[PDB]
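We begin with a single chain expressed as structure tokens, specifically the form deposited in one PDB entry.
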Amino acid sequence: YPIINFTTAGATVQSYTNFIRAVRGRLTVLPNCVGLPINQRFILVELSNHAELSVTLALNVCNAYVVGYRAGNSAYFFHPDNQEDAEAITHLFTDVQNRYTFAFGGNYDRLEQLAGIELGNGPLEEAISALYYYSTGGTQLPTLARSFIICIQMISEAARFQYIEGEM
């Protein structure tokens, strides 16, 4: 899948804006993804911060939302909303050693619930480490949730919004 890169290290309003445009440039907002070959159903967003930690988010091209991610040798996926997506996510991060699918979904209402939230470069920097260390036992679920929310609002939601105002 196409890979968009972004780092919080030396981040500018400009580097961030181009990042979002890039994402938006690959969306195909439709009621739900179907007809799209799984080959191009997702965008991969590689995020890295000042500690040089990197995680890769898998975004659904139809609605821009995060369906899962990769941190090093492990991958995590939100409980798919149905069977098509269930089988779809099996195509993501295939060379990864550890695969896990959460029992809960990745909608805002669930994440808010699990979280028990300032946005910005600072919070994203920290959200990236949280996502990374989750895979080694250093991140508690509530923090993981708050971190997903930060990634989702600053990336998924930002691209959707611009896509829409783009359609006037």
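Each residue number is its position in the shown sequence, starting from 1.
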With respect to the deposited sequence, how many residues separating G116 from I117 are not represented by coordinates: none, 1 to 3, 4 to 9, or 10 or more? 4 to 9
Higher-B stretch (mean Cα B-factor, as the entry records it), 74-82 or 87-95: 87-95
Higher mean Cα B-factor in the deposited model: 98-106 or 27-35? 27-35
Where does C62 sit by CA temperature factor within its chain: lowest, middle or highest third? highest
Based on the deposited C-alpha B factors for this chain, I'd like to know if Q40 is in the lowest, middle or highest third. highest
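This protein has a second form, the form solved in complex with a partner chain, left out of what is shown; the following refers to that one.
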So, in the deposited bound form, is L141 in contact with its partner chain at a 4.5 angstroms heavy atom limit? yes
Even though the partner isn't displayed, in the deposited bound form is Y134 close enough to its partner chain, meaning a heavy atom within 4.5 Å? yes
Taking 4.5 angstroms as the cut-off for heavy atoms, does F102 touch its partner chain in the deposited bound form? yes
